[PDB]
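Given as structure tokens, the chain that follows is alone and in the form solved without the named molecule.
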């Protein structure tokens, strides 16, 4: 198109009635597919994070699974490492775990007990904030390792689901908002 924000915005594809009737799904797949829009997305998140924390971040925490598509590349742009927060069962060795609500049921996330040392400053990233279930669980786990969660970020936020309120006092930033 032209601007970087509109380049990202034109590449978020809408799918009505997926996964269930009445929902409007936001697919980030086109953002990844277009190298110019992927780099526009990473650069917007990076510039936000650099301006906001002045270089003083220790790690990005990428959220299983779609957050893994952004976390490493964001971290690398910022010159940082990326740690992983995963669905239960996926990581080897001693873990901490936290439950959250998933569709009609309950699920769990986990982090390795040595993923972070105390006092490390971390930004959580995922593609999309919907109910805020996994993101909230992520914050719980990081606090348990005595990490300082600076904020959570996503490319997209679905405001009608009120996942941002669920994260307070943890600050939250999104690039784009839809219902």
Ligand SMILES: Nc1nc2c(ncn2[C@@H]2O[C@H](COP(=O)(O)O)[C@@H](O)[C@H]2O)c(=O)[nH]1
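Numbering follows the first chain given and starts at 1.
Here the subject shifts to the form solved in complex with the named molecule, a form of this protein not shown in this document.
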Heavy atoms within 4.5 Å of the named molecule in the deposited bound form: does residue 130 have any? yes
Although the named molecule is absent from this view, report whether residue 39 comes within 4.5 Å of it in the deposited bound form, heavy atoms only. no
State yes or no: in the deposited bound form, is some non-hydrogen atom of residue 147 no more than 4.5 angstroms from a non-hydrogen atom of the named molecule? no
Do residue 24 and the named molecule share at least one heavy atom pair within 4.5 Å in the deposited bound form? yes
Heavy atoms within 4.5 Å of the named molecule in the deposited bound form: which stretch in 138-146, 24-32, 112-120, 41-49 meets that? 24-32
Could you run down 46-76 and flag each residue that has a heavy atom within 4.5 Å of the named molecule in the deposited bound form? 66
